[PDB]
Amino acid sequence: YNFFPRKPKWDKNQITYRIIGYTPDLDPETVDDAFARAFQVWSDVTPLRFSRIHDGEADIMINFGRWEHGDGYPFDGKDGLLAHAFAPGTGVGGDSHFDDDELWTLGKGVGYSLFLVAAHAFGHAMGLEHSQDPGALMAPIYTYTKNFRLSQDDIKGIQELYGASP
C-alpha cells in the first residue's frame, strides 16, 4: 500500500458526502446505492463514518463530468481516465468525479462497475495512493469481480492512516 506525499488524511472520523449530479446510464437510486456501498467498503475497517447531505459543501463532493468540468483536470472522452479523486484536504480535497463519457453499469457491457470505480476513487479521497499489490482495490488497474472483498493490503494501508474501530 502507499500514501500521498506527506500522508494527508481527514482530521475527523465523521465525513460528509454530497452527490451533485447524475449519469443517464443508471437509475439515481442505483447510483446512490453504488456510492453508499463504496463508502461502506472503507467504513467496514476504520472508524470513518460517511453521512450524506443534500445542501451545502460536503467534505466529499461527488459528481459526473465530461472533458473540462471545472477543476482544470479535464476528462478525455471514452477510455483513458474513468474517474478521479483528490487527496484529503479542504476545498477540492476529497472530491470524486466520474467521467460520464464512460458507460456506467454494475460491471457488464462495454463499461464499468460504478461501485468498483467509486470504491477505488474513494480510496484516494481517503488518502491512499496506488498499491503495488495486484489484488488490492488500490491497484492501478480496474479488474471486475462479481463478489468484491477488500484485500489485506488495503485494510493495512487505510488503518495505518485511521486505525481500526474499537
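Don't overthink the numbering: it's just position in the shown sequence, from 1.
Comparing 120 to 128 with 133 to 141, the stretch with the higher mean C-alpha B-factor in the PDB entry is 133 to 141. In the deposited entry, the Cα temperature factor of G91 sits in the middle third of values across the chain's modelled residues. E29: CA B factor in the highest third of modelled residues in this chain (values from the PDB entry). In this PDB entry, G56 carries a Cα temperature factor that places it within the highest third of its chain's modelled residues.
Placement of the Cα temperature factor of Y22 within the chain: middle third of the modelled residues, per the deposited record.
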